[PDB]
Number of protein chains: 4
Amino acid sequence: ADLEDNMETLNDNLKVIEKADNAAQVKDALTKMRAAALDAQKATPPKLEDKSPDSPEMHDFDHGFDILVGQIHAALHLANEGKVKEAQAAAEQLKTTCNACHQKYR
Amino acid sequence: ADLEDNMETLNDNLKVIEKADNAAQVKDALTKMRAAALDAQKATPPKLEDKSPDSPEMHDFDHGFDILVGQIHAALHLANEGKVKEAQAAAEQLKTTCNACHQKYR
Amino acid sequence: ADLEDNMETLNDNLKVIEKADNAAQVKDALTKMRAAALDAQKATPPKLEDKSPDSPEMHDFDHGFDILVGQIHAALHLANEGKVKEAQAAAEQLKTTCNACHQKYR
Amino acid sequence: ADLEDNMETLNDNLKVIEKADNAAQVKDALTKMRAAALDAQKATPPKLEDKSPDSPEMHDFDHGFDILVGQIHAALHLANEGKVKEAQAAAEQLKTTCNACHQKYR
Ligand code: HEM
Ligand code: HEM
Ligand code: HEM
Ligand code: HEM
Ligand SMILES: [Ca+2]
Ligand SMILES: [Ca+2]
Ligand SMILES: [Ca+2]
Ligand SMILES: [Ca+2]
Ligand SMILES: [Ca+2]
Ligand SMILES: [Zn+2]
Ligand SMILES: [Zn+2]
Ligand SMILES: [Zn+2]
Ligand SMILES: [Zn+2]
């Protein structure tokens with residue numbers, strides 16, 4: 001899918017995690033986010049489409065998804081350990097990653 | 001896409017890179033590899049379909065792709081610096097990652 | 001420094017971030033957290049002293065540190081952008097990583 | 001030790017790895033390179049001494065070590081599996097990383 005739909009799936013599952021009851025739903029949510037993140041990591045934001053694929057700006061953009069993906073990785077460990085509250089706290093915290101990139105390249 | 005189709009993409013582009021005349025071709029092939037690895041990374045291999053998403057094997061499987069994507073990342077740096085030869089040698093080098101994963105999960 | 005002392009440095013600055021009032025203070029503490037983290041990453045914990053330095057356990061142990069440093073790195077971004085509270089929430093959040101390794105390897 | 005001592009250690013073990021006759025010798029050499037790389041990663045290079053601690057230059061400097069450490073990580077896996085020739089090829093290939101950072105900051 002394209003950034004749009006991946007960002008959508010990404011955003012949706014954040015709400016799923018926030019309203020999740022058990023670990024399986026959060027785990028399931030994070031997994032879907034992981035998939036959306038990895039798929040979107042190969043796209044080029046409309047504001048950098050005129051920038052070199054490997055310019056200072058694009059390397060930062062790519063770096064951004066790496067951060068998010070790492071945050072989703074750590075979150076999964078928590079959810080896997082049955083730590084639902086900690087996992088939801090990590091989902092909220094990684095929200096800064098979402099915002100930071102948007103401020104820069106959205 | 002099916003795990004094998006991504007593997008086919010990975011395999012062919014290794015050839016494209018080896019036969020490349022210029023930086024443009026190595027980068028193009030490297031970027032397609034990045035995309036294939038990332039899609040591959042979301043898949044559940046036949047030999048591990050019985051395991052849980054949270055298991056030493058699946059965590060190791062995921063790690064293998066982080067290794068590959070990171071190597072593709074380094075290769076891309078050399079290519080965007082004009083070092084066509086070094087980028088080609090890097091693609092040759094990461095073949096070891098391909099073999100290492102296969103010996104365990106293929 | 002040794003593993004044990006770097007851990008102290010880590011815990012002390014975590015409290016500095018908690019009591020911090022400006023971005024300057026948080027950046028400095030995080031900076032120190034990264035150095036003590038990178039420094040401690042080379043060590044072998046007493047719980048795994050007698051075990052292949054290439055064992056599954058040492059690999060997992062090292063992974064835990066990557067997660068920690070990875071989190072400190074993102075927290076540093078926030079701090080560098082002048083987002084005190086956002087960075088403070090990141091320091092809080094990564095406590096979960098400290099916890100996870102301790103229960104398993106300390 | 002300082003940046004300079006860590007760089008010497010990196011260079012020595014590169015030579016050890018080249019002449020190594022077995023897997024144990026290579027693992028030992030890579031392990032030392034790992035510690036030296038991580039030790040150096042915390043240092044501010046003379047050429048970046050007047051830059052702000054969180055400037056693009058320092059972020060790029062840090063990224064370079066991440067790459068080097070990742071390459072050592074992959075090489076260790078090779079060595080750990082007894083693939084001596086492959087690990088040595090890995091060590092020689094990462095020399096491109098040594099080069100790239102030197103070109104920019106040495
Ligand atoms: C969990 C975190 C994230 C969430 C929940 C999220 C959510 C969204 C949403 C809902 C949109 C609007 C899509 C639309 O216009 O239909 C969007 C757009 C966008 N996001 Fe994110 N995002 C996240 C992280 C990121 C990150 C880390 C980056 C950059 C590295 C990023 C870059 C963008 C860009 C460039 C757009 C505009 C895409 C376009 O206009 O086609 N996002 N995001
Ligand atoms: C760039 C390096 C790589 C190349 C060139 C490559 C190439 C291939 C090829 C040609 C196949 C057979 C596809 C088929 O039967 O249709 C294959 C299978 C496979 N590869 Fe890779 N691969 C690479 C990296 C990896 C990595 C890093 C992993 C694991 C972390 C991996 C896991 C697998 C698995 C599990 C299969 C078996 C799939 C099945 O039997 O359905 N490969 N790969
Ligand atoms: C920011 C997070 C962390 C903090 C604040 C922290 C803090 C500490 C502190 C203060 C101690 C001393 C315990 C005592 O008084 O007996 C300690 C010991 C230890 N920590 Fe951590 N730690 C953190 C993360 C980690 C991680 C990520 C790992 C593993 C990857 C880890 C592994 C250990 C081990 C193995 C010891 C025992 C060392 C010894 O007694 O020889 N810690 N940690
Ligand atoms: C295996 C790879 C590497 C080897 C073999 C290596 C080797 C060396 C050597 C022999 C020196 C000269 C030491 C001296 O003058 O006392 C040096 C200097 C330096 N290296 Fe590396 N290096 C490697 C990787 C890197 C990387 C990845 C970076 C940056 C990300 C880097 C940054 C520097 C800097 C900044 C200096 C200047 C030190 C000074 O003059 O104070 N090196 N390196
Ligand atoms: Ca199949
Ligand atoms: Ca073909
Ligand atoms: Ca093309
Ligand atoms: Ca002490
Ligand atoms: Ca010198
Ligand atoms: Zn993990
Ligand atoms: Zn890079
Ligand atoms: Zn960064
Ligand atoms: Zn590994």
Side-chain angles (χ1 to χ4, degrees), chain A residues 41-44 48-63 66, chain B residues 6-40 65-100, chain D residues 10-11 14 17-18 37 56-57 59-75 78 85-106:
Chain A
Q41 195 159 187
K42 63 188 195 60
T44 297
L48 288 184
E49 291 188 2
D50 67 67
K51 299 298 179 60
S52 177
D54 294 298
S55 60
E57 293 77 3
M58 275 306 277
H59 191 274
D60 196 50
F61 188 80
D62 291 343
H63 180 45
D66 279 342
Chain B
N6 285 314
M7 289 300 143
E8 164 54 13
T9 300
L10 248 25
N11 212 60
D12 275 323
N13 283 87
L14 228 27
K15 303 164 184 53
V16 173
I17 294 173
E18 185 179 355
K19 298 195 247 61
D21 287 332
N22 52 242
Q25 290 164 159
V26 175
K27 301 193 292 202
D28 184 285
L30 284 173
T31 296
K32 294 205 203 311
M33 280 181 89
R34 169 171 158 78
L38 290 173
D39 189 52
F65 282 107
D66 275 356
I67 298 304
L68 179 60
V69 173
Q71 295 174 301
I72 289 178
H73 185 81
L76 274 291
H77 268 290
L78 308 177
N80 278 67
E81 288 180 345
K83 300 158 186 175
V84 175
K85 275 189 173 178
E86 298 190 351
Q88 288 175 124
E92 253 300 297
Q93 167 48 39
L94 60 75
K95 286 187 172 177
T96 55
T97 300
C98 309
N99 174 249
Chain D
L10 246 27
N11 211 41
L14 221 38
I17 296 169
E18 272 176 48
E57 285 84 355
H59 194 270
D60 183 40
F61 190 71
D62 176 52
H63 182 40
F65 278 115
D66 276 353
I67 300 186
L68 177 59
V69 176
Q71 290 171 140
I72 288 168
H73 188 77
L78 298 184
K85 295 176 176 46
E86 296 188 358
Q88 294 178 297
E92 263 294 316
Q93 189 288 309
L94 61 71
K95 277 168 144 286
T96 52
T97 300
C98 308
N99 182 234
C101 178
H102 288 165
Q103 289 184 297
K104 294 192 175 194
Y105 310 115
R106 178 179 172 177

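Letters A, B, ... mirror the listed sequences (proteins, then strands); counts begin at 1.
D:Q71 has its side chain within reach of D:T97: a pair of non-hydrogen atoms, C-beta onward, lies under 4.5 Å apart. Residues B:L14 and B:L94 meet the side-chain proximity criterion, which asks for heavy atoms closer than 4.5 Å. No side-chain heavy atom of B:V26 sits under 4.5 Å from any side-chain heavy atom of B:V16. The closest side-chain heavy-atom distance from B:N22 to B:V84 is not below 4.5 Å.
For B:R34 (side chain) and A:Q41 (main-chain N/O), a donor-acceptor pair under 3.5 Å exists by modelled atom type. A donor-acceptor contact shorter than 3.5 Å links the side chain of D:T96 to the backbone of D:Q93. Between the side chain of B:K19 and the backbone N or O of B:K15 there is at least one donor-acceptor pair closer than 3.5 Å.
Expressed to the nearest 0.5 Å, how far CD1 of B:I17 lies from NZ of B:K32 amounts to 11.0 Å. How far CG of B:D28 is from CG of B:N13: 7.5 Å, rounded to the nearest 0.5 Å. Once rounded to the nearest 0.5 Å, the distance linking CG of B:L68 with CG of B:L10 reads 5.5 Å. One distance of note links SG of B:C98 with CG of B:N11; it measures 8.0 Å at 0.5 Å rounding.
In terms of heavy-atom proximity, B:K27 sits nearest to B:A79 at CG-CB, 3.5 Å. The two residues B:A87 and B:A75 have their closest heavy-atom pair at CB-O, 3.8 Å. The two residues A:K42 and B:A35 make their nearest non-hydrogen contact at CD-CB, 4.0 Å. Of all heavy-atom pairs spanning B:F65 and B:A37, the tightest one is CD2-O, 3.7 Å.
Listed by chain and number, the residues in a ring-ring contact (aromatic ring centres under 6.0 Å, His included) with D:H102 amount to none (sequence neighbours excluded).
For residues 73-92 of chain B, the set of pairs meeting the salt bridge (charged side-chain N to carboxylate O under 4.0 Å, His left out) definition, not counting sequence neighbours, comprises B:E81-B:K83, B:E92-B:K95.
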Kindly list each side-chain donor-acceptor pair under 3.5 angstrom involving residues 54-63 of chain A, sequence neighbours excluded, with atom names and distances?
unit_1, atom_1, unit_2, atom_2, d
A:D54, OD2, B:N80, ND2, 2.9
A:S55, OG, A:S52, O, 2.9
A:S55, OG, A:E57, OE1, 3.4
A:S55, OG, A:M58, N, 3.4
A:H59, NE2, B:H73, NE2, 3.4
A:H59, NE2, B:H77, NE2, 3.3
A:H59, NE2, D:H63, NE2, 3.3
A:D60, OD2, A:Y105, OH, 2.6
A:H63, NE2, C:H73, NE2, 3.4
A:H63, NE2, C:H77, NE2, 3.4
A:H63, NE2, D:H59, NE2, 3.4

